[PDB]
Amino acid sequence: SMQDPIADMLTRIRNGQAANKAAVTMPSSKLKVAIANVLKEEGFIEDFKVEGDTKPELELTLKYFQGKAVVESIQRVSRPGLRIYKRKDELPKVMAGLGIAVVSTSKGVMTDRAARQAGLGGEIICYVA
Amino acid sequence: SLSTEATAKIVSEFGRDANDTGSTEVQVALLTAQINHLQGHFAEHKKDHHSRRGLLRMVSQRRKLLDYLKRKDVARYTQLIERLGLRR
Amino acid sequence: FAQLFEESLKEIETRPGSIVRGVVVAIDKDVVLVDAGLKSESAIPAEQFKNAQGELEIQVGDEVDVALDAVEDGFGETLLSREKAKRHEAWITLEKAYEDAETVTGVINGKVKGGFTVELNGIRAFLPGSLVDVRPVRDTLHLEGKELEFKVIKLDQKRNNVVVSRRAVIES
Amino acid sequence: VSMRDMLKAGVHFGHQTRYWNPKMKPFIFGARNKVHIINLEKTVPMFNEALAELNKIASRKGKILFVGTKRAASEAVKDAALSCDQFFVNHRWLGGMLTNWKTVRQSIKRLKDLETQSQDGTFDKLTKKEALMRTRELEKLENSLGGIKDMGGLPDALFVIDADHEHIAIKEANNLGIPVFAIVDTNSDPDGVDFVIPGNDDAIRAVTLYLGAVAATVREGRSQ
RNA sequence: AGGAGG
RNA sequence: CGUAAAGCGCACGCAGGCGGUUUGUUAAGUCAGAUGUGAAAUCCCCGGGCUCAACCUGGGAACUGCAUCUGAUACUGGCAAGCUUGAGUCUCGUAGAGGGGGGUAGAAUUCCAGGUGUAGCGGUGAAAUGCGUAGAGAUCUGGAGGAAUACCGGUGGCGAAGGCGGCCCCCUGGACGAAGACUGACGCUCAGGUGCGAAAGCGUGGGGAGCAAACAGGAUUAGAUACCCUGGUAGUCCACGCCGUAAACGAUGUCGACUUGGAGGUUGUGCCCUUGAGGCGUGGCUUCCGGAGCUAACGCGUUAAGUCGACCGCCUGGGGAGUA
Ligand SMILES: [Mg+2]
Ligand SMILES: [Mg+2]
Ligand SMILES: [Mg+2]
Ligand SMILES: [Mg+2]
Ligand SMILES: [Mg+2]
Ligand SMILES: [Mg+2]
Ligand SMILES: [Mg+2]
Ligand SMILES: [Mg+2]
Ligand SMILES: [Mg+2]
Ligand SMILES: [Mg+2]
Ligand SMILES: [Mg+2]
Ligand SMILES: [Mg+2]
Ligand SMILES: [Mg+2]
Ligand SMILES: [Mg+2]
Ligand SMILES: [Mg+2]
Ligand SMILES: [Mg+2]
Ligand SMILES: [Mg+2]
Ligand SMILES: [Mg+2]
Ligand SMILES: [Mg+2]
Ligand SMILES: [Mg+2]
Ligand SMILES: [Mg+2]
Ligand SMILES: [Mg+2]
Ligand SMILES: [Mg+2]
């Protein structure tokens, strides 16, 4: 059964970028919305919108630069079968800094650089490059 | 395969509404009625393994629903097993 | 673009396999080049236009099509023009000519174990079983004959079962 | 021209919807008669791209190689390019014209020696099994290479019809960087084509429209 | 549906 | 982990692992900070001293830890409420060699009784063994009995797998579709355990037409304890019990999500026009080709061997050995 909606979201985005779909649609969640916020505000997707009040459907618009996809790689790290928690001084680097590591810290979902700014650790939700 | 009238009686005697066909006690009562009915069939058809598989599936579904009921609301579970005569 | 709805109107003119304008803008005694129909230039053989029966009346500009045998078999509109525009005797199969009133040309060759008779000026049907003709007599008319009459007698699979009748009997 | 000429020609035709290479999917409008329909609503602005493009290419007077092989459009191409004095291949694409130009150039230079012979430069010599053997040798060369004999070096722009039917030239051009202009129907895949021209290919009522409208624009990048 | 094929 | 070693034969299922969605609460996990310790030396950094170095030293850092305390509480966990899109029930129908029990039908081989009827039959690459003048073979009539169900028949259907095909009846399991209502995460996987599990085989009691291990004879051959021929017992058949293995194979574990197509097959369901069994959709299962991608390649390719998640099984050179 669906035992990781976050991995489902990342896989949907990965497959959509592979298949050149303009938008990818999925069921919504608080955590999914937060991750979409992070991705949008660091420019890996254009826009996202959640429509529906009983079955909220989230739509993410994917972006491609010179024809190629932008989200060249997107990996789920802290999966249900093996949760990963890191401290502020072992927060990972993605692409040696160019990439991002979406991290759920005690103050919300927010990337590894921002967590190092705010002196927080947390759960490494995913890597994006 | 319970008869339609038997299903209606079970729903009427175990559910709050006559259209309450999905309630946990309604489902467990339906499964118990079918299992009791099928016991006599499998007393005389020992080699009906394919049907025995469906009977075992109903047994396991009833067990799962009973565990759900017990860990959710205990009093309903106890009243149900009292009215149905199931040991546990 | 409902501007191509005036061309959705051009779609109406002629669209499914049926009578079509049949622009013969190009011509040659090799492959009569039909153009109108659906697709662009065509590639049809010849059986009533050139090098076929000897009738040269399709001079560049004649406008007969070929009942659009294919809407488009892939850059290929229609094919052989056996009897496609003036199918005055058959059409679907035979049940519906166009008038059925005047005696149209008919031929009655009997069943040489089958028939293989050009019963109509346009088709050649094989007939099943008895009553091959109208029934004065069944297996005793193997002459092409002449224009006497024409009627229906016994169809079957409604494909190549074109059934003609011309003996001027009680017309059974 | 716009939808007006595009329809009185048939640019709107597309193969059966059971052959359609799915990469065309943006360019189609529907499926009338189990057969696709090419917008002529995106084409017209997109066909305009190549038009105002060959202007630029002929502006530097670069060499424009026309390509067509189907018997349907074989005669369209030859008369269209010579209407502009540009190069064309109306018969089978001799596999290797572009990547193997260092070898194909030998083919031209040998027919260019030959045709001087066959007309005036001492043809009528003995062994009349030799005379015709040139006549069939020259004819075969001229028939497939005589299109581009004066061409010199490699082209700078390459205009084809049926990207599918002629996918060798596209694979040769793309491997040489030369831009590729194509007309791609529903059975083709423009993934090699630089400037696509989406719409019906096989024709002369429609193809002399693509060529005749292109043939001009080369001249007015050449008349300047 | 005779033959094809042959 | 398709073919190199490697998916249990297939299921059910306890413990265990994992868990859809919203609000509230808790602060266990988690994170931050502080305190106490985590001996000295050794490693490392900055220095100092032996003529330099080895060496010896001063100070630091580190000792990834653990215990409290104070905060955050997004995510996981608990707790309490809910929600429905997962899961399940009911209502109507559907198609099917799904299973168990019982009966019966016709064709055919064999045998028995008889009639006609003669010298061959049967067999092979040839032949012989074998059958036949005690009257065979052939043909006809009437019985007996056992087994299997021609045509339909279909890379068709059902089943978890093994498997299941004449017709009829009784009992019975599963799948699926349409519309609605209902319950409200009741779920996915599964070590050990339990059940089912072709064929051969075993035990008891039956049955025994045909076929046929073993066996015998003839032939072939250098030999022929084989292929071929002529016979033939166990066994194939039934009831019950046991075995528990197969190239138990789509050599591809189960569940879920997403990712261009095309041609079919089969089973429902909707619209219109059933206006010619038509198109137009939508579900389920199934066959072939192929795209991106993947693969060592062969190949797979929306029924993935593509992109991911959950759980389980399994592999670690060949032989010895799946043996002791
Ligand atoms: Mg092997
Ligand atoms: Mg292996
Ligand atoms: Mg398996
Ligand atoms: Mg959860
Ligand atoms: Mg120390
Ligand atoms: Mg919570
Ligand atoms: Mg086990
Ligand atoms: Mg057995
Ligand atoms: Mg034994
Ligand atoms: Mg036995
Ligand atoms: Mg026995
Ligand atoms: Mg016997
Ligand atoms: Mg022997
Ligand atoms: Mg034998
Ligand atoms: Mg085994
Ligand atoms: Mg098998
Ligand atoms: Mg198999
Ligand atoms: Mg295996
Ligand atoms: Mg399971
Ligand atoms: Mg199936
Ligand atoms: Mg394939
Ligand atoms: Mg592999
Ligand atoms: Mg052993």
# chains A, B, ... in the order shown; residues from 1 in each chain; ligands from 1
>>> interface_residues(of="chain F", to="chain B", cutoff="8 Å", atoms="only C-alpha atoms (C1' of nucleotides)", output="PDB file with N, CA and C atoms (P, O5', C5', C4', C3', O3' and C1' of nucleotides), in the first residue's frame")
ATOM      1  P     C F  12      -2.870 -14.736   0.697  1.00  0.00           P
ATOM      2  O5'   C F  12      -3.370 -15.118   2.154  1.00  0.00           O
ATOM      3  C5'   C F  12      -4.631 -15.739   2.330  1.00  0.00           C
ATOM      4  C4'   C F  12      -4.703 -16.496   3.630  1.00  0.00           C
ATOM      5  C3'   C F  12      -4.263 -15.741   4.864  1.00  0.00           C
ATOM      6  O3'   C F  12      -5.270 -14.878   5.348  1.00  0.00           O
ATOM      7  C1'   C F  12      -3.357 -17.924   4.890  1.00  0.00           C
ATOM      8  P     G F  88     -10.932  -5.097   0.057  1.00  0.00           P
ATOM      9  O5'   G F  88     -12.243  -5.216   0.949  1.00  0.00           O
ATOM     10  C5'   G F  88     -12.241  -6.006   2.126  1.00  0.00           C
ATOM     11  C4'   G F  88     -13.412  -5.687   3.015  1.00  0.00           C
ATOM     12  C3'   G F  88     -14.789  -5.892   2.415  1.00  0.00           C
ATOM     13  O3'   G F  88     -15.192  -7.248   2.429  1.00  0.00           O
ATOM     14  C1'   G F  88     -14.718  -3.835   3.579  1.00  0.00           C
ATOM     15  P     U F  89     -16.359  -7.754   1.455  1.00  0.00           P
ATOM     16  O5'   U F  89     -17.684  -7.134   2.081  1.00  0.00           O
ATOM     17  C5'   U F  89     -18.140  -7.542   3.359  1.00  0.00           C
ATOM     18  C4'   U F  89     -19.442  -6.875   3.718  1.00  0.00           C
ATOM     19  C3'   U F  89     -20.537  -6.962   2.673  1.00  0.00           C
ATOM     20  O3'   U F  89     -21.213  -8.203   2.700  1.00  0.00           O
ATOM     21  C1'   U F  89     -20.403  -4.755   3.496  1.00  0.00           C
ATOM     22  P     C F  90     -21.934  -8.753   1.381  1.00  0.00           P
ATOM     23  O5'   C F  90     -23.201  -7.806   1.221  1.00  0.00           O
ATOM     24  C5'   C F  90     -24.188  -7.742   2.234  1.00  0.00           C
ATOM     25  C4'   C F  90     -25.208  -6.678   1.937  1.00  0.00           C
ATOM     26  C3'   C F  90     -25.807  -6.714   0.546  1.00  0.00           C
ATOM     27  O3'   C F  90     -26.828  -7.681   0.426  1.00  0.00           O
ATOM     28  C1'   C F  90     -25.224  -4.496   1.101  1.00  0.00           C
ATOM     29  P     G F  98     -14.930 -23.258 -15.215  1.00  0.00           P
ATOM     30  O5'   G F  98     -14.253 -23.620 -13.832  1.00  0.00           O
ATOM     31  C5'   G F  98     -12.849 -23.745 -13.735  1.00  0.00           C
ATOM     32  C4'   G F  98     -12.396 -23.653 -12.304  1.00  0.00           C
ATOM     33  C3'   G F  98     -12.830 -24.782 -11.395  1.00  0.00           C
ATOM     34  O3'   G F  98     -12.053 -25.953 -11.531  1.00  0.00           O
ATOM     35  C1'   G F  98     -13.295 -22.759 -10.344  1.00  0.00           C
ATOM     36  P     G F  99     -12.768 -27.387 -11.506  1.00  0.00           P
ATOM     37  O5'   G F  99     -13.043 -27.635  -9.967  1.00  0.00           O
ATOM     38  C5'   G F  99     -11.976 -27.590  -9.043  1.00  0.00           C
ATOM     39  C4'   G F  99     -12.484 -27.680  -7.635  1.00  0.00           C
ATOM     40  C3'   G F  99     -13.300 -28.914  -7.313  1.00  0.00           C
ATOM     41  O3'   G F  99     -12.491 -30.030  -7.007  1.00  0.00           O
ATOM     42  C1'   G F  99     -14.429 -27.005  -6.540  1.00  0.00           C
ATOM     43  P     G F 100     -12.936 -31.494  -7.473  1.00  0.00           P
ATOM     44  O5'   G F 100     -14.054 -31.892  -6.422  1.00  0.00           O
ATOM     45  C5'   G F 100     -13.745 -31.987  -5.044  1.00  0.00           C
ATOM     46  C4'   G F 100     -14.980 -32.232  -4.221  1.00  0.00           C
ATOM     47  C3'   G F 100     -15.920 -33.304  -4.737  1.00  0.00           C
ATOM     48  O3'   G F 100     -15.501 -34.621  -4.449  1.00  0.00           O
ATOM     49  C1'   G F 100     -17.167 -31.402  -4.178  1.00  0.00           C
ATOM     50  P     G F 101     -15.966 -35.817  -5.409  1.00  0.00           P
ATOM     51  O5'   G F 101     -17.526 -35.940  -5.133  1.00  0.00           O
ATOM     52  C5'   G F 101     -18.014 -36.281  -3.846  1.00  0.00           C
ATOM     53  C4'   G F 101     -19.519 -36.271  -3.805  1.00  0.00           C
ATOM     54  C3'   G F 101     -20.215 -37.155  -4.820  1.00  0.00           C
ATOM     55  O3'   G F 101     -20.247 -38.514  -4.446  1.00  0.00           O
ATOM     56  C1'   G F 101     -21.232 -35.041  -4.811  1.00  0.00           C
ATOM     57  P     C F 171     -28.955 -26.300  -4.089  1.00  0.00           P
ATOM     58  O5'   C F 171     -27.593 -26.578  -3.322  1.00  0.00           O
ATOM     59  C5'   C F 171     -27.602 -27.129  -2.017  1.00  0.00           C
ATOM     60  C4'   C F 171     -26.205 -27.325  -1.495  1.00  0.00           C
ATOM     61  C3'   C F 171     -25.288 -26.126  -1.591  1.00  0.00           C
ATOM     62  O3'   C F 171     -25.508 -25.145  -0.600  1.00  0.00           O
ATOM     63  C1'   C F 171     -24.158 -28.002  -2.403  1.00  0.00           C
ATOM     64  P     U F 172     -25.370 -23.595  -0.989  1.00  0.00           P
ATOM     65  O5'   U F 172     -23.823 -23.422  -1.304  1.00  0.00           O
ATOM     66  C5'   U F 172     -22.852 -23.714  -0.312  1.00  0.00           C
ATOM     67  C4'   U F 172     -21.463 -23.780  -0.888  1.00  0.00           C
ATOM     68  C3'   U F 172     -20.926 -22.504  -1.497  1.00  0.00           C
ATOM     69  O3'   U F 172     -20.510 -21.545  -0.550  1.00  0.00           O
ATOM     70  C1'   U F 172     -20.452 -24.288  -2.934  1.00  0.00           C
ATOM     71  P     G F 173     -20.479 -20.003  -0.974  1.00  0.00           P
ATOM     72  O5'   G F 173     -18.987 -19.784  -1.460  1.00  0.00           O
ATOM     73  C5'   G F 173     -17.904 -20.059  -0.591  1.00  0.00           C
ATOM     74  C4'   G F 173     -16.586 -19.968  -1.310  1.00  0.00           C
ATOM     75  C3'   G F 173     -16.305 -18.663  -2.022  1.00  0.00           C
ATOM     76  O3'   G F 173     -15.872 -17.637  -1.153  1.00  0.00           O
ATOM     77  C1'   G F 173     -15.800 -20.440  -3.459  1.00  0.00           C
ATOM     78  P     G F 174     -16.216 -16.107  -1.482  1.00  0.00           P
ATOM     79  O5'   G F 174     -15.352 -15.787  -2.776  1.00  0.00           O
ATOM     80  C5'   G F 174     -13.939 -15.710  -2.694  1.00  0.00           C
ATOM     81  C4'   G F 174     -13.297 -15.625  -4.055  1.00  0.00           C
ATOM     82  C3'   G F 174     -13.599 -14.383  -4.871  1.00  0.00           C
ATOM     83  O3'   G F 174     -12.857 -13.246  -4.472  1.00  0.00           O
ATOM     84  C1'   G F 174     -13.831 -16.270  -6.239  1.00  0.00           C
ATOM     85  P     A F 181     -25.183   8.294  -1.986  1.00  0.00           P
ATOM     86  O5'   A F 181     -25.439   7.314  -0.757  1.00  0.00           O
ATOM     87  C5'   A F 181     -26.732   7.184  -0.191  1.00  0.00           C
ATOM     88  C4'   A F 181     -26.832   5.963   0.688  1.00  0.00           C
ATOM     89  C3'   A F 181     -25.796   5.843   1.791  1.00  0.00           C
ATOM     90  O3'   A F 181     -26.089   6.645   2.921  1.00  0.00           O
ATOM     91  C1'   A F 181     -26.007   3.775   0.689  1.00  0.00           C
ATOM     92  P     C F 182     -24.903   7.170   3.865  1.00  0.00           P
ATOM     93  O5'   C F 182     -24.324   5.843   4.522  1.00  0.00           O
ATOM     94  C5'   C F 182     -25.112   5.091   5.427  1.00  0.00           C
ATOM     95  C4'   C F 182     -24.530   3.727   5.682  1.00  0.00           C
ATOM     96  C3'   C F 182     -23.209   3.690   6.419  1.00  0.00           C
ATOM     97  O3'   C F 182     -23.359   3.890   7.807  1.00  0.00           O
ATOM     98  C1'   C F 182     -23.154   2.176   4.608  1.00  0.00           C
ATOM     99  P     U F 183     -22.388   4.903   8.576  1.00  0.00           P
ATOM    100  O5'   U F 183     -21.124   4.009   8.925  1.00  0.00           O
ATOM    101  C5'   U F 183     -21.265   2.844   9.717  1.00  0.00           C
ATOM    102  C4'   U F 183     -19.981   2.066   9.763  1.00  0.00           C
ATOM    103  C3'   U F 183     -18.732   2.880  10.049  1.00  0.00           C
ATOM    104  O3'   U F 183     -18.540   3.061  11.440  1.00  0.00           O
ATOM    105  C1'   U F 183     -18.352   1.361   8.256  1.00  0.00           C
ATOM    106  P     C F 186      -5.710   0.687  11.537  1.00  0.00           P
ATOM    107  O5'   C F 186      -6.886  -0.381  11.517  1.00  0.00           O
ATOM    108  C5'   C F 186      -7.049  -1.272  10.428  1.00  0.00           C
ATOM    109  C4'   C F 186      -8.352  -2.020  10.535  1.00  0.00           C
ATOM    110  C3'   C F 186      -8.706  -2.927   9.369  1.00  0.00           C
ATOM    111  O3'   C F 186      -8.108  -4.202   9.495  1.00  0.00           O
ATOM    112  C1'   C F 186     -10.601  -1.659  10.072  1.00  0.00           C
ATOM    113  P     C F 196      -4.315 -29.994   3.485  1.00  0.00           P
ATOM    114  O5'   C F 196      -4.236 -29.438   1.999  1.00  0.00           O
ATOM    115  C5'   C F 196      -5.384 -28.918   1.353  1.00  0.00           C
ATOM    116  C4'   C F 196      -5.005 -28.045   0.186  1.00  0.00           C
ATOM    117  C3'   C F 196      -4.175 -28.706  -0.899  1.00  0.00           C
ATOM    118  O3'   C F 196      -4.940 -29.482  -1.793  1.00  0.00           O
ATOM    119  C1'   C F 196      -3.204 -26.647  -0.340  1.00  0.00           C
TER     120        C F 196
END
>>> residues_around(residues="residue 26 (chain C)", least_positions_apart="5", cutoff="12 Å", atoms="only C-alpha atoms (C1' of nucleotides)", output="list in words")
residues 31, 32, 33, 34, 35, 36, 40, 41, 42, 43, 44, 58, 59, 60, 61, 62 and 63 of chain C; 72, 204 and 205 of chain D
>>> write_last_selection(atoms="N, CA, C and O atoms", output="PDB file, in the first residue's frame")
ATOM      1  N   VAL C  31      -0.234   5.950 -65.450  1.00  0.00           N
ATOM      2  CA  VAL C  31      -1.116   5.924 -64.245  1.00  0.00           C
ATOM      3  C   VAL C  31      -1.986   7.189 -64.261  1.00  0.00           C
ATOM      4  O   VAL C  31      -1.456   8.282 -63.971  1.00  0.00           O
ATOM      5  N   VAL C  32      -3.264   7.052 -64.633  1.00  0.00           N
ATOM      6  CA  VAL C  32      -4.192   8.216 -64.617  1.00  0.00           C
ATOM      7  C   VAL C  32      -4.065   8.867 -63.242  1.00  0.00           C
ATOM      8  O   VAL C  32      -4.311   8.170 -62.248  1.00  0.00           O
ATOM      9  N   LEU C  33      -3.689  10.144 -63.183  1.00  0.00           N
ATOM     10  CA  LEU C  33      -3.451  10.765 -61.856  1.00  0.00           C
ATOM     11  C   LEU C  33      -4.711  11.475 -61.346  1.00  0.00           C
ATOM     12  O   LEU C  33      -4.952  12.615 -61.783  1.00  0.00           O
ATOM     13  N   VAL C  34      -5.465  10.864 -60.424  1.00  0.00           N
ATOM     14  CA  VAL C  34      -6.638  11.574 -59.822  1.00  0.00           C
ATOM     15  C   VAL C  34      -6.117  12.492 -58.705  1.00  0.00           C
ATOM     16  O   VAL C  34      -5.026  12.203 -58.181  1.00  0.00           O
ATOM     17  N   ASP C  35      -6.845  13.553 -58.346  1.00  0.00           N
ATOM     18  CA  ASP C  35      -6.311  14.488 -57.318  1.00  0.00           C
ATOM     19  C   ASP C  35      -7.367  14.763 -56.242  1.00  0.00           C
ATOM     20  O   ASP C  35      -7.007  14.737 -55.052  1.00  0.00           O
ATOM     21  N   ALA C  36      -8.620  15.015 -56.636  1.00  0.00           N
ATOM     22  CA  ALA C  36      -9.644  15.369 -55.624  1.00  0.00           C
ATOM     23  C   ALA C  36     -10.022  14.138 -54.797  1.00  0.00           C
ATOM     24  O   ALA C  36      -9.582  13.023 -55.145  1.00  0.00           O
ATOM     25  N   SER C  40      -3.891  14.349 -51.165  1.00  0.00           N
ATOM     26  CA  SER C  40      -3.480  15.192 -52.319  1.00  0.00           C
ATOM     27  C   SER C  40      -3.429  14.374 -53.616  1.00  0.00           C
ATOM     28  O   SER C  40      -4.492  13.925 -54.071  1.00  0.00           O
ATOM     29  N   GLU C  41      -2.242  14.217 -54.206  1.00  0.00           N
ATOM     30  CA  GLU C  41      -2.128  13.499 -55.505  1.00  0.00           C
ATOM     31  C   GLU C  41      -2.357  12.005 -55.269  1.00  0.00           C
ATOM     32  O   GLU C  41      -1.987  11.515 -54.183  1.00  0.00           O
ATOM     33  N   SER C  42      -2.933  11.312 -56.252  1.00  0.00           N
ATOM     34  CA  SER C  42      -3.260   9.878 -56.059  1.00  0.00           C
ATOM     35  C   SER C  42      -2.405   8.992 -56.965  1.00  0.00           C
ATOM     36  O   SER C  42      -1.476   9.522 -57.607  1.00  0.00           O
ATOM     37  N   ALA C  43      -2.728   7.699 -57.015  1.00  0.00           N
ATOM     38  CA  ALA C  43      -1.989   6.730 -57.838  1.00  0.00           C
ATOM     39  C   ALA C  43      -2.953   5.593 -58.153  1.00  0.00           C
ATOM     40  O   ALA C  43      -2.851   4.542 -57.505  1.00  0.00           O
ATOM     41  N   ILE C  44      -3.874   5.810 -59.084  1.00  0.00           N
ATOM     42  CA  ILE C  44      -4.908   4.774 -59.356  1.00  0.00           C
ATOM     43  C   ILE C  44      -4.567   4.069 -60.663  1.00  0.00           C
ATOM     44  O   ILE C  44      -3.934   4.703 -61.525  1.00  0.00           O
ATOM     45  N   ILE C  58     -11.386  11.112 -70.953  1.00  0.00           N
ATOM     46  CA  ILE C  58     -10.982  11.619 -69.608  1.00  0.00           C
ATOM     47  C   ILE C  58      -9.968  12.752 -69.809  1.00  0.00           C
ATOM     48  O   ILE C  58      -9.312  13.139 -68.819  1.00  0.00           O
ATOM     49  N   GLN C  59      -9.883  13.293 -71.030  1.00  0.00           N
ATOM     50  CA  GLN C  59      -8.916  14.380 -71.364  1.00  0.00           C
ATOM     51  C   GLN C  59      -8.708  15.327 -70.177  1.00  0.00           C
ATOM     52  O   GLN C  59      -9.726  15.797 -69.624  1.00  0.00           O
ATOM     53  N   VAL C  60      -7.447  15.624 -69.839  1.00  0.00           N
ATOM     54  CA  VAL C  60      -7.106  16.494 -68.669  1.00  0.00           C
ATOM     55  C   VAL C  60      -8.223  17.505 -68.386  1.00  0.00           C
ATOM     56  O   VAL C  60      -8.461  18.391 -69.237  1.00  0.00           O
ATOM     57  N   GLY C  61      -8.881  17.375 -67.231  1.00  0.00           N
ATOM     58  CA  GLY C  61      -9.957  18.262 -66.860  1.00  0.00           C
ATOM     59  C   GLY C  61     -11.248  17.555 -66.523  1.00  0.00           C
ATOM     60  O   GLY C  61     -12.085  18.129 -65.819  1.00  0.00           O
ATOM     61  N   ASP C  62     -11.433  16.329 -67.000  1.00  0.00           N
ATOM     62  CA  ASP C  62     -12.589  15.545 -66.596  1.00  0.00           C
ATOM     63  C   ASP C  62     -12.644  15.403 -65.087  1.00  0.00           C
ATOM     64  O   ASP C  62     -11.618  15.260 -64.420  1.00  0.00           O
ATOM     65  N   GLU C  63     -13.855  15.424 -64.549  1.00  0.00           N
ATOM     66  CA  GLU C  63     -14.062  15.419 -63.109  1.00  0.00           C
ATOM     67  C   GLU C  63     -14.910  14.227 -62.691  1.00  0.00           C
ATOM     68  O   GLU C  63     -16.114  14.338 -62.467  1.00  0.00           O
TER      69      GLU C  63
ATOM     70  N   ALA D  72       6.027  11.300 -55.746  1.00  0.00           N
ATOM     71  CA  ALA D  72       5.025  12.354 -55.686  1.00  0.00           C
ATOM     72  C   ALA D  72       5.675  13.728 -55.734  1.00  0.00           C
ATOM     73  O   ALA D  72       5.310  14.574 -56.559  1.00  0.00           O
ATOM     74  N   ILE D 204       1.774  17.688 -54.246  1.00  0.00           N
ATOM     75  CA  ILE D 204       2.375  18.604 -55.261  1.00  0.00           C
ATOM     76  C   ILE D 204       1.449  19.820 -55.193  1.00  0.00           C
ATOM     77  O   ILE D 204       1.960  20.933 -55.165  1.00  0.00           O
ATOM     78  N   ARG D 205       0.136  19.602 -55.055  1.00  0.00           N
ATOM     79  CA  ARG D 205      -0.786  20.747 -54.832  1.00  0.00           C
ATOM     80  C   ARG D 205      -0.364  21.426 -53.526  1.00  0.00           C
ATOM     81  O   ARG D 205      -0.315  22.673 -53.501  1.00  0.00           O
TER      82      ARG D 205
END
>>> residues_near_ligand(ligand="ligand 3", cutoff="9 Å", atoms="only C-alpha atoms (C1' of nucleotides) and all ligand atoms", output="VMD selection string")
chain F and resid 7 to 10 249 252 to 253
>>> atom_distance(atom1="CA of residue 125 (chain C)", atom2="CA of residue 84 (chain C)")
16.8 Å
>>> residues_around(residues="residue 291 (chain F)", least_positions_apart="6", cutoff="12 Å", atoms="only C-alpha atoms (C1' of nucleotides)", output="list in words")
residues 19 of chain A; 21, 22, 23 and 189 of chain D; 259, 260, 261, 262, 301 and 306 of chain F
>>> select_by_dssp(residues="region 86-133 of chain C", states="strand (DSSP E)", output="list in words")
residues 117, 118, 119, 120, 123, 124 and 125 of chain C
>>> write_last_selection(atoms="N, CA and C atoms", output="PDB file, in the first residue's frame")
ATOM      1  N   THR C 117     -20.570 -15.587 -63.564  1.00  0.00           N
ATOM      2  CA  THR C 117     -21.353 -14.894 -64.620  1.00  0.00           C
ATOM      3  C   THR C 117     -21.257 -13.379 -64.442  1.00  0.00           C
ATOM      4  N   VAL C 118     -20.964 -12.632 -65.515  1.00  0.00           N
ATOM      5  CA  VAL C 118     -20.966 -11.138 -65.439  1.00  0.00           C
ATOM      6  C   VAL C 118     -22.427 -10.686 -65.473  1.00  0.00           C
ATOM      7  N   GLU C 119     -23.268 -11.211 -64.576  1.00  0.00           N
ATOM      8  CA  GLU C 119     -24.732 -10.936 -64.571  1.00  0.00           C
ATOM      9  C   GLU C 119     -25.067  -9.456 -64.803  1.00  0.00           C
ATOM     10  N   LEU C 120     -24.248  -8.528 -64.303  1.00  0.00           N
ATOM     11  CA  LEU C 120     -24.585  -7.084 -64.429  1.00  0.00           C
ATOM     12  C   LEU C 120     -23.470  -6.352 -65.180  1.00  0.00           C
ATOM     13  N   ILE C 123     -20.531  -5.724 -62.453  1.00  0.00           N
ATOM     14  CA  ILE C 123     -20.106  -6.722 -61.420  1.00  0.00           C
ATOM     15  C   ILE C 123     -20.166  -8.145 -61.991  1.00  0.00           C
ATOM     16  N   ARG C 124     -19.704  -9.137 -61.222  1.00  0.00           N
ATOM     17  CA  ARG C 124     -19.731 -10.561 -61.647  1.00  0.00           C
ATOM     18  C   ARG C 124     -19.914 -11.372 -60.373  1.00  0.00           C
ATOM     19  N   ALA C 125     -21.138 -11.797 -60.082  1.00  0.00           N
ATOM     20  CA  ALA C 125     -21.369 -12.456 -58.781  1.00  0.00           C
ATOM     21  C   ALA C 125     -21.428 -13.975 -58.914  1.00  0.00           C
TER      22      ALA C 125
END
>>> residues_around(residues="residue 1 (chain E)", least_positions_apart="6", cutoff="10 Å", atoms="only C-alpha atoms (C1' of nucleotides)", output="number ranges by chain")
C: 113-116, 126-128
>>> write_last_selection(atoms="C-alpha atoms", output="PDB file, in the first residue's frame")
ATOM      1  CA  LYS C 113     -20.508 -25.554 -60.702  1.00  0.00           C
ATOM      2  CA  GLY C 114     -20.603 -21.930 -59.420  1.00  0.00           C
ATOM      3  CA  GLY C 115     -21.713 -19.525 -62.192  1.00  0.00           C
ATOM      4  CA  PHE C 116     -18.823 -17.031 -62.687  1.00  0.00           C
ATOM      5  CA  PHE C 126     -21.176 -16.163 -57.836  1.00  0.00           C
ATOM      6  CA  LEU C 127     -24.561 -17.483 -56.790  1.00  0.00           C
ATOM      7  CA  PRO C 128     -25.419 -20.014 -54.112  1.00  0.00           C
TER       8      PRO C 128
END
>>> residues_near_ligand(ligand="ligand 11", cutoff="12 Å", atoms="only C-alpha atoms (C1' of nucleotides) and all ligand atoms", output="ChimeraX atom specification")
/F:202-208,234-235,237-239
>>> residues_near_ligand(ligand="ligand 17", cutoff="12 Å", atoms="only C-alpha atoms (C1' of nucleotides) and all ligand atoms", output="PyMOL selection string")
chain F and resi 155+247-251
